Amino acid sequence: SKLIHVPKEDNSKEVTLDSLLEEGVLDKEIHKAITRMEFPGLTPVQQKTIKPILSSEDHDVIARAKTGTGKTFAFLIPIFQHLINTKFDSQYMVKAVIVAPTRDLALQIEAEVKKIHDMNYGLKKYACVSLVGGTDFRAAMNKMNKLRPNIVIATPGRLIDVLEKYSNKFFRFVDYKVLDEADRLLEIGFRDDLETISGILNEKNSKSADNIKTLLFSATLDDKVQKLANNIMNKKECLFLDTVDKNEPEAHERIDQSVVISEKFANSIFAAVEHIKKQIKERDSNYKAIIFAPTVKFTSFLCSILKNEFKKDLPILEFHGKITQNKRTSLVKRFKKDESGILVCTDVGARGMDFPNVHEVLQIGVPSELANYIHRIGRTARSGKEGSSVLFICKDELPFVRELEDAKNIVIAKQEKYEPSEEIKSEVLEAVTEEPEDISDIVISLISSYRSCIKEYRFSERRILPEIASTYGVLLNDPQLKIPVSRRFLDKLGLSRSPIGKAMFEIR
RNA sequence: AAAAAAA
Ligand SMILES: Nc1ncnc2c1ncn2[C@@H]1O[C@H](COP(=O)(O)OP(=O)(O)O)[C@@H](O)[C@H]1O
Ligand code: BEF
Ligand SMILES: [Mg+2]
Ligand SMILES: [Mg+2]
C-alpha cells in the first residue's frame, strides 16, 4: 500500500473546535462536549488528525505524537463525529473498535468516552462498552445487549473470545478500528491476535472486506510498523501524520531526565530509597511518583521495602498483572485522584496510563523493551505539566543507555555515580520480612528477566547475569553466598555447561 | 523461572 508522509509542518495553519464547526467537519453536539472541557486549544496531534480521519474514506491513518499530548481524543472526537452523521444507519451496531495492550488502558479510554458523555448527555445515545479480561464475561454481554454500543474498547484476548461467539450480532457494520499503542500491539505476542481480530471483522463486514478503516496511534513508531501492519491495513493509501521531526527524539523534551549509575544492581534499591527520602523531605510529603521495576516478584518486594520506609509519609500502591483486576481498577482511579503517593509497578503501567501531575518517574533496572523507556518517563510531564525522571541502574546495564542513544537518539545529559553507605544498607536490609526462599525467587525472576533482553540491550551475558544473581548475596548480607538450587533446576536453565551458571548458583 | 494479553 502507498504510504504517504506528512512531516511536522513548521508553522502550519491553526485548527480549532470552532473552525471545525464552521468548516462543517464537526457537529455542534461533539463541539459542545469538547469545548466544555475548557482546554486552551486542540493539541498538535488533534489539529493534524481530526479532519484527515473524516476525510476521503479510502485511506488509512498512522499518527505519531509524543506522550501526554492528547492522542486519545485525537481519535475519539472523529469517531464520535462519524457516529453522528451515520446515526440513521445500523444504529444498534458497533461502528468503532478500539484495541489497547493493557486492560487498565482500555478502561481508561472508556472513561474518556464517558467524560465526553458527561459533557453532553446528547451523546449518551452513542453507547460504549469495554471488553477486557478479569471482568465478568456474562455481565459484559448483558451490557452489550442492553446498550447496543456503537463503540467498543477492548484488550485482544477478551475481544477474540467475544468475536468468536458474537461477531454476527454486533460487529457486521464496523467502519473504524483503532490500534492505540500500535507498535506494541504489532509486536510478537500481540500481532497474531490483532490479525485474528482484523480478519474476523473484515470477513463479517456487511459492505466489503476492505470497508473498515484502520487508525494507528503511538508515541513510538516508524515505517517499520506500516510493514508489520500490512496485513491489517485495508485501504490502498495510508497517511503518516507526524508531529515529530525525523531526527527529533520521541521522548518528551520537557522531561528532566537523569541516570544514577551504581557498581552493583542491588544498591540501585538503596539509591532509590535515598532519592525518595530526599524528595519527601524537600517537597514536604507533597510527592507523587511512579517507580518502575523489571519484574512482578521484584515489584512486590520493592513495594514491601517502600512501605516499611515511607508508608508513614505516603500511600504505597502495588500495581502489576498478578493484582486482581478489581484492585487494579481501584488503585488506578485512586492514584488518578490523589495528589501524592508512590505507584510501584511493572511495565503494565508503562504505556498510555494518564495520572495527572506525577512529579517524577523512577526506574530500577531496564524496561521490558527499549521503546518502553520513552513510555515509562512519559507518565510524567503530561498535558503541559512539568516532570523529571531518574533511571537507577548498575555498571553492567550501561549498554542499555548506549543503545538508547544509538537507536532512539535519547541522550541523558545528567549522569552521576552512587555508592551506598553502610547505614542505608542496614536500614533497608533490617526492614525485610522475606525468608531466604522468597529472596531466591525474586532474584531468580530478575535473572530470567535480564536474560531475555541480553540481545536487545547488548548486554554482556558473562557479566550482567552474575551481577543480577549476586543480588541474592547482598540482600542476605553475605556477598560470598550464591543462590542454592538443585542439579535439575540448573539444568532446566540450560547453564549446566556454561561457566556463568557456576558463578551464579550453588548446587546443594 | 521471565512483561503484557481470554489467566
Ligand atoms: N486539547 C487539550 N488541551 C489540554 N489538555 C488536553 C487536551 N487533550 C487532552 N488533554 C489532556 O491530556 C491528558 C492525557 O492525554 P492522552 O490522551 O493520554 O495523551 P496520549 O494518549 O498522547 O498520552 C488528559 O488527562 C487530558 O486532560
Ligand atoms: F502516549 Be501516551 F502516553 F499514551
Ligand atoms: Mg495514549
Ligand atoms: Mg502525570
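Proteins get letters first, then strands, A, B, ... in listed order; numbering begins at 1 in each. In what follows, every heavy atom counts, from backbone to side chain, and hydrogens, waters and symmetry copies are set aside.
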Touch class at under 4.0 angstrom, heavy-atom based, for A:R184 against every strand present: base
N/O (side chain, A:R351) to phosphate O (OP1/OP2, B:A4) under 4.0 Å: no
Nearest listed nucleotide, side chain of A:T346, among B:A4, B:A1, B:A6: B:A4
A:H320 NE2 - B:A3 P separation (whole Å): 10 Å
Interatomic distance where CG belongs to A:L159 and P belongs to B:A6 [whole Å]: 9 Å
Distance, rounded to the nearest Å, where A:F400 contributes CZ and B:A3 contributes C1': 14 Å
Whole angstrom value for the distance that separates P of B:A1 from CD1 of A:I447: 14 Å
For atom CZ of A:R103 and atom P of B:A5, their distance in whole Å: 5 Å
Donor/acceptor link under 3.5 angstrom from A:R451 side chain onto base of B:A1: no
Touch class at under 4.0 angstrom, heavy-atom based, for A:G189 against every strand present: base
N or O in side chain of A:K297 less than 4.0 angstrom from B:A2 OP1/OP2: yes
Aromatic A:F217 / basic A:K71 pairing, under 6.0 angstrom, 45° off normal: no
Six-ring centre of A:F170, A:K204 cation under 6.0 angstrom, axis tolerance 45°: no
Quiz item: A:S448 side-chain donor-acceptor pair to B:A1 base, under 3.5 Å: yes
Donor-acceptor under 3.5 Å (A:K66 side chain, A:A251 main chain): yes
Distance test, side-chain N/O of A:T155 to OP1/OP2 of B:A6, below 4.0 Å: yes
Aromatic plane relationship, A:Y457 with A:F459 - under 30° parallel, 30 to 60° tilted, over 60° perpendicular: perpendicular
Selection from B:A2, B:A3, B:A7 that lies nearest to any side-chain heavy atom of A:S368: B:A3
Ring centre gap for A:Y450 and A:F265 strictly below 6.0 Å: yes
Whole-Å distance separating the NZ atom of A:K322 from the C1' atom of B:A2: 10 Å
Given B:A1, B:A5, B:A7, the nucleotide with the shortest approach to the side chain of A:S445: B:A1
Sugar-phosphate, base or nothing in reach of A:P367, heavy atoms under 4.0 Å: nothing
Euclidean distance, atom CG of residue A:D491 to atom P of B:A1 [Å, nearest integer]: 17 Å
Which nucleotide in B:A6, B:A2, B:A5 has an atom nearest any side-chain atom of A:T295: B:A2
Step-by-step salt bridge (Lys or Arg N to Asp or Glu O under 4.0 Å) determination, A:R328 to A:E318: CA-CA 9 Å; A:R328 284 170 61 172; A:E318 187 180 336; over 6 Å; no
Protein-nucleotide distance (A:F319, atom CZ; B:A3, atom P), rounded to Å: 14 Å
Under 4.0 angstrom between A:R328 side-chain N/O and B:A5 OP1 or OP2: yes
